[PDB]
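K.L.:
Pasting an experimental structure, sequence included:
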Amino acid sequence: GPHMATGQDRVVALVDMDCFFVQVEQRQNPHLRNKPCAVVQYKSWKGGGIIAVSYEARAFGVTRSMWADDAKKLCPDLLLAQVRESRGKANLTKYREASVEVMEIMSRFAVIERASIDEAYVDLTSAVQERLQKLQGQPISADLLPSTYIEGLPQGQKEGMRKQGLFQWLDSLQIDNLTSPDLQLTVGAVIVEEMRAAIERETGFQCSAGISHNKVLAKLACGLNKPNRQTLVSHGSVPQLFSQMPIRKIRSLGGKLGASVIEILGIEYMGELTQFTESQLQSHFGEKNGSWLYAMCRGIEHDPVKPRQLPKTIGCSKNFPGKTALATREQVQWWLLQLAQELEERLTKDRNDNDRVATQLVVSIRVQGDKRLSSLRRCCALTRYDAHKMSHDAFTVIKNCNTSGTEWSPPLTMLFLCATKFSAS
DNA sequence: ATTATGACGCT
Ligand SMILES: Nc1nc2c(ncn2[C@H]2C[C@H](O)[C@@H](COP(=O)(O)OP(=O)(O)OP(=O)(O)O)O2)c(=O)[nH]1
Ligand SMILES: [Ca+2]
Ligand SMILES: [K+]
C-alpha cells in the first residue's frame, strides 16, 4: 500500500504536429488548405510514394506508404505536394526548418526532447509547480482547457461529450492540494493548451498532444484524440484504458517483442500483463524488458525526458530499388558524391547554427537480394566538411564489397552516409 | 518498388 510508488512524480507531454509535411506544404500553398491532400516523394513509379496525409484525405482511406496512383483511386480529388528533389534525391530541408520553428517555440515553455522531426516530449514538472504557486489555490476553469479531452470521461454530439467529460473531471478536482497528481496533470494540460496556442499563432501549424505522468502514456494519450486536440491520461484511467488496449499500440511493442509477448503469454491487451510477476516477465523477455513491462502495464515508466532539442546524427540516404540498383563503379561514386554534397551542406549549416562538429562518418550499403536492410555498416574518421573527401572515404571503406573482375556486383540497392559523434565547436 | 531518416539496445 503506502510504499508502492505509483509513477506520479512527473508531468510529461508528448506533442505531435498533425500530418506535418502536409501542413508545411499547406502553409506555403493556400490552395491546399482544408482539402484532401498528401505529400509524395518522386512521381515516376506509380505516381510517387505517399508519406503524409491530411485528415480530409485519410477519410477516403488514403494512407502513408501508398502509391499516389492508388490513393487517387480511393480519392480522385486528392491534391499532392511533392518533396523537393536536389542532386537526384529527395531533400527534406523545408521540413527540418519548419520543425526547428516548432521546437524553438516549445523550448520557451519547458525542456524538450526531440523524439522525431515533428514530435517532442516535454517535461512539465517544474512548470506545473511554478503555475500552481501562481494560482494560489484558484480553481481551474474549463475555459482554460478548450481542446482537452479527459480519457475515460464522461462515465455514468462530440464537443458535448468532450465538455461533459471535462466538467466531471474539473468538478472532482481538489485544488487546495498542491501535491495531488491529478491537479498536477490538469495544470500541465493548461500549459499545453498555451504551448499549442503559441505554436499555432507563431507558425500556423496545428498539433495534438498527450499529457500524462510519463512518456509512454503521454505518447499513447496523444493519439487518442486527433487532430488538433489534446488528451489527459490520468493514473486512475490506466486500468480501464489498458483493459482493451492491444499490446501493439504501446510504444516499442508494435514489433517482434510485442508479438512474442502476445504469443508466449497468450494475451491480447496491455492490462492482462498485470497478472504476471516481475520475475516471470523478466524470465520471458529479459531483465530490462521484463522490469519495464511489469511497471508499464501498471502505468509506470521512468525513462526521463532527455534535454536534447537537436538531432544526434545527420544522415543522407537513398534506395535504388529493383532495376535502378547501381551496377558500375562510376554509378556508386557519383551517388556517394551526391550524398556527400547534401551532407556537407547540412553539416556546415549545423556547425554554424549549433556550435558543434561531427567526428565520425558512417557508411551503410544494401546489396541487391540481401535480406537485411543494411548489408554493411562501416565507420571512418570525419575530419573535414568536404563532400569530395567524404565520398572518397566512403568508397574506400566499401570498395571491397565489389566482387566483379569497372563493374559493381552485387549491385547496390541503398547508399547511406551518416555524420555522428558530435563535439562542441 | 513505401522511402528517408533517426534513436536506441545488444554483443
Ligand atoms: N520520407 C519519409 N518521411 C516520413 C516517413 N514517415 C513519416 N514521415 C514524415 C512525414 C510526416 O508528416 C512526418 C511525421 O510523421 P508522423 O508519424 O508523425 O505522421 P504525420 O505527422 O504526417 O501524421 P499524424 O497527424 O501525426 O498522424 O514525418 C517516411 O517513411 N519517409
Ligand atoms: Ca505527426
Ligand atoms: K512524429
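P.N.:
That came through, no problem. Numbers count the residues shown, from 1 in each chain, chains lettered A, B, ... in the order given. Ligands and ions are numbered 1, 2, ... in the order given.
K.L.:
near ligand 1, which residues of the stretch 1-150 of chain A show up?
P.N.:
The stretch 1-150 of chain A comes close to ligand 1 at residues A:16-21, A:41, A:51-52, A:64, A:117-119, as judged by Cβ under 6 Å from any ligand atom. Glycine gets a C-beta too; all of them are placed from N, C-alpha and C.
K.L.:
what do you get if the cut-off is 5 Å, keeping everything else the same?
P.N.:
With Cβ under 5 Å from any ligand atom as the criterion, the stretch 1-150 of chain A comes near ligand 1 at residues A:16, A:18, A:19, A:20, A:21, A:51, A:52, A:118.
K.L.:
again, but for the stretch 201-350 of chain A
P.N.:
By Cβ under 5 Å from any ligand atom, no part of the stretch 201-350 of chain A sits against ligand 1.
K.L.:
thinking again about what came up before, from the residues of the stretch 1-150 of chain A next to ligand 1, which two are the most distant?
P.N.:
When Cβ to Cβ is used, the two most widely separated members of those are A:16 and A:51, lying 15.6 Å apart.
K.L.:
Neighbour count for these two, which is higher?
P.N.:
A count of neighbours by other Cβ atoms under 10 Å puts residue A:16 above the other of residue A:16 and residue A:51, at 22 against 18.
K.L.:
Kindly confirm whether my reading is correct that that one touches residue A:207.
P.N.:
Yes. Using Cβ atoms under 8 Å, residue A:16 makes contact with residue A:207 at a distance of 5.8 Å.
K.L.:
Direction included, what does the longest strand anywhere in chain A pair up with?
P.N.:
Of all segments of type strand in chain A, defined using DSSP state E, the longest is strand A:407-424. Paired with strand A:407-424 in the same sheet, following DSSP bridges, are strand A:314-319 (antiparallel), strand A:326-328 (antiparallel), strand A:356-367 (antiparallel).
K.L.:
Serialize those to CSV and add fields for mean neighbour count and distance to residue A:348.
P.N.:
Shown next, in CSV, are the strands paired with strand A:407-424 (neighbours: other Cβ atoms under 10 Å; distance: least, Cβ to Cβ, whole Å):
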stretch, mean neighbour count, distance to residue A:348
strand A:314-319, 18, 11
strand A:326-328, 19, 27
strand A:356-367, 19, 10
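K.L.:
Would you mind giving those as JSON lines with distance to residue A:47 added?
P.N.:
Output for the strands paired with strand A:407-424, formatted as JSON lines (distance: least, Cβ to Cβ, whole Å):
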{"stretch": "strand A:314-319", "distance to residue A:47": "17"}
{"stretch": "strand A:326-328", "distance to residue A:47": "24"}
{"stretch": "strand A:356-367", "distance to residue A:47": "24"}
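K.L.:
Rebuild those strands as CSV, extending it with distance to ligand 2.
P.N.:
Converted to CSV, those look like this (distance: least, Cβ to the ion, whole Å):
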stretch, distance to ligand 2
strand A:314-319, 20
strand A:326-328, 33
strand A:356-367, 26
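K.L.:
mind listing the strands for the stretch 51-200 of chain A?
P.N.:
Assigned by DSSP state E, counting those that start in this stretch, the stretch 51-200 of chain A shows strands spanning A:79-82, A:85-86, A:89-90, A:111-116, A:119-123, A:148-150.
K.L.:
of all the strands paired with strand A:407-424, which lies closest to residue A:181?
P.N.:
Per Cβ to Cβ, nearest to residue A:181 of these: strand A:356-367, 37.9 Å.
K.L.:
thinking again about what came up before, Throw the strands of the stretch 51-200 of chain A into a markdown table and include mean neighbour count, thanks.
P.N.:
Shown next, in a markdown table, are these (neighbours: other Cβ atoms under 10 Å):
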| stretch | mean neighbour count |
| --- | --- |
| strand A:79-82 | 17 |
| strand A:85-86 | 12 |
| strand A:89-90 | 19 |
| strand A:111-116 | 19 |
| strand A:119-123 | 24 |
| strand A:148-150 | 24 |
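K.L.:
So which of those strands is nearest ligand 2?
P.N.:
Using Cβ to the ion as the measure, strand A:119-123 is the one of the strands of the stretch 51-200 of chain A that comes nearest ligand 2, at 6.0 Å.
K.L.:
helices and strands around that closest one, which ones?
P.N.:
Using 3 or more Cβ pairs under 8 Å, 6 or more residues apart in numbering; DSSP states H and E, the elements in contact with strand A:119-123 are strand A:12-17, helix A:93-109, strand A:111-116, helix A:215-222.
K.L.:
Go again with 10 Å.
P.N.:
strand A:12-17, helix A:93-109, strand A:111-116, helix A:181-203, strand A:207-212, helix A:215-222 (3 or more Cβ pairs under 10 Å, 6 or more residues apart in numbering; DSSP states H and E).
K.L.:
Relative to ligand 2, which of these is closest?
P.N.:
Ligand 2 sits nearest to strand A:12-17 of all the helices and strands packed on strand A:119-123, at 4.5 Å, using Cβ to the ion.
K.L.:
quick one: the residue nearest to residue A:47 when sequence neighbours are not counted from residue A:27, how far?
P.N.:
Closest residue to residue A:47 apart from its sequence neighbours, by Cβ to Cβ, 6 or more residues apart in numbering: residue A:68 at 3.1 Å. For residue A:68, the distance to residue A:27 (Cβ to Cβ, to the nearest Å) stands at 21 Å.
K.L.:
what angle sits between the longest helix along chain A and helix A:93-109?
P.N.:
Counting by DSSP state H, the longest helix found in chain A is helix A:329-354. If you take axes from the mean of the first three to the mean of the last three Cα atoms, to 10 degrees, helix A:329-354 sits at 30 degrees to helix A:93-109.
K.L.:
Show me what counts as buried in helix A:329-354.
P.N.:
Neighbour-count burial for helix A:329-354 flags A:331-333, A:335-347, A:350 (criterion: 16 or more other Cβ atoms under 10 Å).
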